[PDB]
Amino acid sequence: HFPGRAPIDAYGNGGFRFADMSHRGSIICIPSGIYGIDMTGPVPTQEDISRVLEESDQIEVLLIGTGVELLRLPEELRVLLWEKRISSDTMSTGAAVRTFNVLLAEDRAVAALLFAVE
């Protein structure tokens, strides 16, 4: 936890490194900060993305890191994200980290939900 977005400096080992900190577990990175989320699995739930929906006025794009393999976004989540005009896409956690960092550096209104991989 950290009160804004920061580049994600590492992934692997069931967590992430950012802002000279280490966090064990999955994370969501939104304009209001980086928060732990208790994902039991790589496919996000409605709860998982609740902070994104709530801050949708400040988010244009959501990257979803679905672990080691790219997984489809469930129908229910596609609808909710669409309703808030957030453009979103899934890719491996590694790919999402790298893409998040790049878009963050470009000052895009980007958010990421990242399932922590080994």
Side-chain angles (χ1 to χ4, degrees):
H1 207 159
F2 187 68
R5 288 162 295 177
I8 303 313
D9 301 323
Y11 62 96
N13 189 39
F16 298 98
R17 306 182 74 216
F18 51 93
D20 299 309
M21 285 176 47
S22 187
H23 179 261
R24 45 298 123 193
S26 298
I27 57 167
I28 202 162
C29 307
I30 53 177
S32 69
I34 303 176
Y35 303 81
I37 41 149
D38 200 29
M39 293 175 82
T40 60
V43 186
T45 67
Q46 299 169 30
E47 266 206 12
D48 289 344
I49 66 156
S50 57
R51 277 187 183 275
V52 171
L53 296 175
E54 291 163 17
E55 296 194 20
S56 63
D57 270 344
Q58 282 95 187
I59 299 165
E60 295 209 52
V61 56
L62 176 66
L63 308 169
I64 302 162
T66 57
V68 294
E69 291 294 306
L70 183 164
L71 305 184
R72 296 290 326 292
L73 190 58
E75 179 175 0
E76 296 82 352
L77 275 70
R78 295 193 310 257
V79 177
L80 293 160
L81 288 162
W82 181 96
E83 294 177 353
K84 295 288 182 190
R85 314 291 165 211
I86 300 168
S87 94
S88 65
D89 206 12
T90 61
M91 51 205 73
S92 70
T93 289
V97 165
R98 289 183 292 268
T99 305
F100 176 75
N101 287 350
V102 161
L103 295 174
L104 185 64
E106 283 175 14
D107 302 310
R108 316 299 305 276
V110 65
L113 175 54
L114 307 166
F115 183 73
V117 291
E118 290 292 329

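Residue numbers start at 1 and run along the sequence shown. When reading the values below, keep in mind they use all heavy atoms of this one structure, side chains included, and skip hydrogens, waters and symmetry mates.
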| said: Quick check: closest heavy atoms across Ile59 and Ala111, and the distance to 0.1 Å? | reply: CG2-CB, 3.7 Å
| task | List for me each residue that meets side-chain contact (heavy atoms from CB on, under 4.5 Å) alongside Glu47, sequence neighbours excluded, and say none if there are none. | result | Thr45
| said: If I take atom CG from residue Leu114 and atom OH from residue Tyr11, how far apart are they, to the nearest 0.5 angstrom? | reply: 11.0 Å
| query | Could you state the interatomic distance from NZ (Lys84) to CD1 (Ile49), rounded to the nearest 0.5 Å? | reply | 10.5 Å
| If we only count heavy atoms from C-beta on, is the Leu73 to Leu81 side-chain gap below 4.5 Å? | yes
| Which pairs, with at least one residue in residues 106-117 and sequence neighbours excluded, count as a side-chain hydrogen bond (donor to acceptor under 3.5 Å, both in side chains)? | none
| field | Inter-residue atom distance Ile34.CD1 - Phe16.CZ, 0.5 Å rounding | value | 10.0 Å
| Between CG on residue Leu53 and CD on residue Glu83, distance to nearest 0.5 Å | 8.5 Å
| remark: By side-chain hydrogen bond (donor to acceptor under 3.5 Å, both in side chains), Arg78 pairs with (sequence neighbours left out) none
| task | Sequence neighbours left out, what pairs pass ring-ring contact (aromatic ring centres under 6.0 Å, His included) with at least one residue falling in residues 29-70? | result | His1-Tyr35
| task | Could you tell me whether the side chain of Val52 reaches within less than 4.5 Å of the side chain of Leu113, counting heavy atoms only? | result | no
| message | Quick check against the 3.5 Å criterion: does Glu55 have a side-chain atom that pairs as donor or acceptor with the backbone of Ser32? | response | yes
| Euclidean distance, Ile30 CD1 relative to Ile27 CD1, rounded to 0.5 Å | 11.0 Å
| said: Apply the hydrophobic cluster definition, ILVMFWY joined by side-chain contacts under 4.5 Å directly or through others, and give me every member besides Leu71. | reply: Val43
| note | The side-chain hydrogen bond (donor to acceptor under 3.5 Å, both in side chains) partners of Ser50 (sequence neighbours excluded) come to none
| request: Considering non-hydrogen atoms only, spot the tightest contact between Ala6 and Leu104 and give its length. | output: C-CD2, 3.5 Å
| note | Smallest heavy-atom separation, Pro44 atom then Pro74 atom, equals O-CG, 4.0 Å
| note | Residues passing the side-chain contact (heavy atoms from CB on, under 4.5 Å) test with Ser26, sequence neighbours excluded, are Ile37, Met39, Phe115, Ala116
| task | Enter the distance from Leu77:CG to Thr90:OG1 here, rounded to the nearest 0.5 Å. | result | 11.0 Å
| task | Would you kindly confirm whether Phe100 and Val68 end up in one hydrophobic cluster when ILVMFWY residues are joined by side chain heavy atoms under 4.5 Å apart? | result | yes
| request: Give every residue pair that meets the salt bridge (charged side-chain N to carboxylate O under 4.0 Å, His left out) criterion with at least one member in residues 56-76, sequence neighbours excluded. | output: none
| request: List in chain and number order the residues that pass side-chain contact (heavy atoms from CB on, under 4.5 Å) with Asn101, two or more places apart in sequence or in another chain; answer none if no residue qualifies. | output: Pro7, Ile8, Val97
| For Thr99, which residues count as a side-chain contact (heavy atoms from CB on, under 4.5 Å) partner, sequence neighbours excluded? | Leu63, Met91, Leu103
| query | What residues, two or more places apart in sequence or in another chain, satisfy salt bridge (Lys or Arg N to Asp or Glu O under 4.0 Å) together with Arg17? | reply | none
